[PDB]
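Asks: got a sequence here, can you build the structure:
(chains A, B, C and D, ligands or ions: 1)
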Amino acid sequence: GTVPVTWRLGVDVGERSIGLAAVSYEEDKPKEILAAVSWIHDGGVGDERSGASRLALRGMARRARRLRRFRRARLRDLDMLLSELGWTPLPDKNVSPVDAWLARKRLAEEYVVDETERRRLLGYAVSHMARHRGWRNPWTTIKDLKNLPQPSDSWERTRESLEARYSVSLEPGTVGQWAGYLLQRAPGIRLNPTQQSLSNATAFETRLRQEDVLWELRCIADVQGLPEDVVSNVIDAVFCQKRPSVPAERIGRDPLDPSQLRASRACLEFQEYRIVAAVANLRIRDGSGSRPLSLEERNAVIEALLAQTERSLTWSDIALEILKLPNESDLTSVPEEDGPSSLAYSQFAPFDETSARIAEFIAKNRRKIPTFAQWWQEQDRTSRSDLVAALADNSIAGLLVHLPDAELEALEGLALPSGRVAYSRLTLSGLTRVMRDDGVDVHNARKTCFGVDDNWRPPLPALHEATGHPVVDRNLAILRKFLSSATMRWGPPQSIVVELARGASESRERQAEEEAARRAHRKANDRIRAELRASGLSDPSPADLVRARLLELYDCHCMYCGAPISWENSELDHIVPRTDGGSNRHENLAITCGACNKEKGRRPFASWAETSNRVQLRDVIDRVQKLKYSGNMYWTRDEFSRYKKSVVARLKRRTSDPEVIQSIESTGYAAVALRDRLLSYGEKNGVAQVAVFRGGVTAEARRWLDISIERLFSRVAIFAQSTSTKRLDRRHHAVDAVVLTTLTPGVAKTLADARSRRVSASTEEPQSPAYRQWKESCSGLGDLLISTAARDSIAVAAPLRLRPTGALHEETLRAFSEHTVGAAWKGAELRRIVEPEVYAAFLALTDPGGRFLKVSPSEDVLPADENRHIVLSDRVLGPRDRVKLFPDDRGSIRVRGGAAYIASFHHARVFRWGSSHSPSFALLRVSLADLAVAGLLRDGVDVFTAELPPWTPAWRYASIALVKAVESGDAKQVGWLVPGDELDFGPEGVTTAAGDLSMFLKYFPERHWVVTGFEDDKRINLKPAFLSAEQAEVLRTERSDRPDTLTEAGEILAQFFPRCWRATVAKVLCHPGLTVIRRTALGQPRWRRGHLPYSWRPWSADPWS
RNA sequence: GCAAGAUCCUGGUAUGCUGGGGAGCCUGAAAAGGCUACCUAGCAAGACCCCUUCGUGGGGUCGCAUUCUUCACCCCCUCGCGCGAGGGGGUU
DNA sequence: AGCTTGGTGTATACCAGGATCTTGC
DNA sequence: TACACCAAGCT
Ligand SMILES: [Mg+2]
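Replies: Residues are numbered from 1 along each chain as shown, chains lettered A, B, ... in the order given. Below is the structure in question.
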């Protein structure tokens, strides 16, 4: 069904959104908007406040499980060792709570004569030290831990603070003695400082280290006279830490031999490859030109580089001593940073550094390891390269020599070079063998050995392959679904245009730094706005604010010339002129005095001045170094030191600072990854070109095309001055993408030049034949955009989460309540009955035929019946015998002998009952705990349709009308809803509005809403699909601070958000013509039932099957 | 060659929560309640694998990611000689 | 008595390195 | 953070 049309793809990438457009083109002018959709994604984020991704929380939970399992294994091993030595471990109960601490204190203070008591206290102390060993660097081995200073410096300062606070001298002041003494002397003291939460200083204030516990253990061994073998055994069993590896398939494959794994720095193949390659780059000046060096010369330099032991041969000592030339200037192509007096040659040439390190460590331990040293010197170079490949790559999960526990231990802790070079060791050897013989470079040996063509490149990642970054993977998945659907619809695109708009590769740390920085940017500007308005300024310009800030900080000082200045004597001085490669930044400006202003003369500032009279450097830069931070000004603490060192680094320039550089279309991770994947798709499908722009760019394209979002979507003006931003309406992303289908790199370069000249202040229209051709080609694009916005065609969809995977319950365990069988049972207490079989029995008492429990929470269901017996399957419950109940009347499950609340709901099943002209609706809210305890988290279950038992918290805490209707049999499941489902109320909109919602719909007549939650058994939470919560919160903040900068519509929007429409389900689903819109990847609603989620009407939905 | 970021991954730590305890203090002082700490076990529910002592309990791995679950169709990587496990896509 | 709305609890926070990029000279 | 959950107010 594919009809090939000439169409272009436009992709507007954001942090939380992506706008996607397919626009069909007739004659280099846009003809039809085939699809336009904004997709609102979470950026892969699972913790909404900490910024941690879903993958990060999954990895943290997995590693906590691995930690607990290995810790249990090592405690079992210590228990076996203590049973072997006949030492009693600390029991699980019936002991004093300071037996372990007093045991450590007694064994580290005095000698215990009784053998049984000594062994019991020793077992108690060793078991407790295994439970509380403290932290160690995980990459250090046990000997590396044992060679640390004993005790540590941190514990030494903590100990000195402990005498300075308590005036007692414990010798030796170990952590066990100190903690036990402070518990016996000041009971109820806290040993370690807690998180978050009237004041009490804790006993210790630094994190306990493993060397402190190790020092205490050996001190106990010294005082109690333990033999050294059992001391080493208890040390190895207490401090048994697993080795931090780097597991396989996480290390990149070879571009040339993709079965073979990546190679390391310390692999000798890489040092010899670096030597031969760096030799082969070098061009000897011969024949009045650059001729690459001869074979005898390259063999002499390479043989003189693989046999060294230090960084001895440098680039100034190769050209005139081995290459045999008269001049060091006769050699070129040296891949280092250039400088005067051969600054590249001043550093040292690359050499076999791993062999040097191994030779030096041999020279320090050859008497310790003669077998290794003799094997290293005498055995073959291939075998020793394999040996270093087995000692540097041993820190990988997936020891080839089978040597004993101490003959290799002198080198198991050796620190080799570390890293990952782009080729594999087999490929490095293969390309090595066709350099030192044939004298050809990597550029020829790569073709020769593996038989690849001249135009061969490392292969591009496909669209189906992930990146591992959450934001990039979300944008990538949405992009690849849109592109697959558009390719099946209208064939492959003629071109693909992308632009990213900031917000990547920063963790969203810089999000918090951006908001707390625009806070200062828009607050400290108000001071120099209002005080100059009080002065009398009537023409507001940013330059006046900049010079006012410089006067505010520098206190109106020509620092060089003296002569105190004023507002009129400002003379804003650009340190770097734009004729020498600069830009209009606030770093570049310094306040001057007239005499200290014009004398620079385009020369490097504070360099002509120091090479003259009346003025010198070395003082003012020190004053900037000791600059105290003012708490009320533009620049924050994080930008403070960076600004100060940037000012110093541009003041101390003794040469040029080039140049007038403009961005060259590839700067980010997401841009590189998306570009490579779109190039892979294009080379597999026939796309003529693929470009990835920036900015910033499409806003100016809309400005010079005169395209306004408010004229598109008829939005009200939320600000008093000017109109709203584009970021108010989410559809603007797809609008931008539609505009991105019109551009090329040339017209984008002209627009970027227009941006730099307009912000460098104007206003200036762009002049170019390409720009004029672009402007008269896409003149009708705005007409197309109007006819697309009026038809309600630009969709805003959120991707659905249908997998029944995630946190099943809340983390906090809660104590059970207990209730007697023969008392008065309320509805709440009947709802909280933990045991499902006892629960079903109590339902059989209240309603013998009813499958579900229909009780008011406040109703008194049963009285105190003192002769009530509960007949269970295996036993009988007497009227005085207690029954476990959940602590609160809300959804909870049994986990590990404790009660946990259920998590956020995975979905809500929609139930409809009654007459078709006016039916009632309810939501059965289903969480992950419901499917977990119902046995539905197994492979082969439709979790949105499969029935739940009556004892699940979904059916316990459903609405009463839903329970009665399901008992009556007139209620059927007609669909489900997930957080993110789109509700389309149609042209009618929200007819049943009440309260603030009504006045919200007076100014924002929203017909599309998004399911965001299910706050109780009768209410669904909805937010408007086309309106942005981030824009609404920045208007909320601007109402909280700025005076009357919002219109009444902005007031209503700010008061509506973020809780939005907390709606009664009856009020929502009693709207006729309300539909639940599940969209395809192109934004079109899915209305045909296949094997994908389809649009449905709660009014007109039939039951299942 | 080189200063560094981001993304995870691996190894740990200290609290916290619940169950079992209790050193000190407070109520009860007949009695067992509370608080401050500390000791100990567990810290997703669970699923698969292996024992042989066909049972009785004990060891290993996976388990909050890839947002259209499962089902069904199509493509791709590894192993199979179809198909077991991972990815992807599905137009209204 | 049922719908609007206001407030509030929720596991939490560190360390040392290693592998994929990205950079930006 | 935002969602589920707890009451008070408004009519
Ligand atoms: Mg955008």
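
Asks: list the contacts of the residue of the stretch 701-850 of chain A found nearest DNA strand D.
Replies: Proximity of the stretch 701-850 of chain A to DNA strand D (C-beta to the nearest atom of the strand) peaks at residue A:828, 8.4 Å away. Using the backbone N, CA and C atoms, a C-beta is placed for each residue, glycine as well. Residues counted as contacts of residue A:828 (C-beta atoms under 8 Å, 6 or more residues apart in numbering) are A:857, A:858, A:889.

Asks: ok, the residue nearest the centre of chain A to residue A:585 distance?
Replies: Central residue of chain A (C-alpha atoms, centre = their mean): residue A:507, 4.2 Å from the mean position. As judged by C-beta to C-beta, to the nearest Å, residue A:507 and residue A:585 stand 26 Å apart.

Asks: please apply the same query to residue A:834.
Replies: From residue A:834 to residue A:585 the distance is 65 Å (C-beta to C-beta).

Asks: these two: which is more packed in?
Replies: Neighbours per residue (other C-beta atoms under 10 Å) separate residue A:834 from residue A:585, with residue A:834 holding more: 19 against 12.

Asks: how about the more buried one, nearest residue that isn't a chain neighbour?
Replies: Counting by C-beta to C-beta, 6 or more residues apart in numbering, residue A:884 is the residue found nearest to residue A:834 once chain neighbours are left out, at 4.3 Å.

Asks: next, that neighbour: secondary structure please.
Replies: Three-state call for residue A:884 (DSSP: H, G, I helix; E, B strand; the rest coil): strand.

Asks: please name the bridge partners of it.
Replies: residue A:818 (DSSP bridges).

Asks: one more: residue A:1009?
Replies: Beta-bridge partners, per DSSP bridges, of residue A:1009: residue A:983, residue A:1024.

Asks: doesn't residue A:1022 make contact with it?
Replies: Yes. With contact defined as C-beta atoms under 8 Å, residue A:1009 counts as touching residue A:1022 (4.1 Å).

Asks: where do the contact lists of these two overlap?
Replies: Common neighbours of residue A:1009 and residue A:1022 (C-beta under 8 Å, 6+ apart) are A:983, A:1061.

Asks: okay, now the residue nearest to residue A:834: neighbour count?
Replies: The burial count for residue A:884: 15, using other C-beta under 10 Å.

Asks: ok, now residue A:36?
Replies: Neighbour tally, residue A:36, other C-beta under 10 Å: 25.

Asks: residue A:51: what's it in contact with?
Replies: A:45, A:507, A:508, A:509, A:511.

Asks: show me the contacts for residue A:949.
Replies: A:836, A:934, A:955.

Asks: filter those residues to the buried ones?
Replies: For these, a burial check counting by 16 or more other C-beta atoms under 10 Å picks out A:934, A:955.

Asks: right, quick check: stretch A:206-215 against RNA strand B, any contact?
Replies: Yes. On the criterion C-beta under 7 Å from any atom of the strand, stretch A:206-215 is in touch with RNA strand B at A:207, A:208.

Asks: can you give me the end-to-end distance of that stretch?
Replies: 17 Å (C-alpha to C-alpha, to the nearest Å).

Asks: off-centre distance for that stretch?
Replies: Centroid displacement of stretch A:206-215 relative to its chain, using C-alpha atoms, centre = their mean, to the nearest Å, is 32 Å.

Asks: please identify the buried residues of it?
Replies: A:208, A:209, A:210, A:211, A:212, A:213, A:214, A:215.

Asks: for DNA strand D, what are the nearby residues on the stretch 1-150 of chain A?
Replies: Taking C-beta under 7 Å from any atom of the strand as the measure of proximity, the stretch 1-150 of chain A contacts DNA strand D at A:47, A:48, A:49.

Asks: repeat that with 10 Å
Replies: Residues of the stretch 1-150 of chain A found near DNA strand D (C-beta under 10 Å from any atom of the strand) are A:16, A:42, A:45, A:46, A:47, A:48, A:49, A:50, A:51.

Asks: residue contacts, the fifth one?
Replies: I take that to be residue A:47. Counted by C-beta under 8 Å, 6+ apart, residue A:47 has contacts residue A:57.

Asks: quickly find the element holding it.
Replies: Assigned by DSSP states H and E, residue A:47 belongs to no helix or strand.

Asks: so residue A:1092 sits right up against residue A:1081, yeah?
Replies: No. Using C-beta under 8 Å, residue A:1092 is not in contact with residue A:1081; the gap is 10.3 Å.
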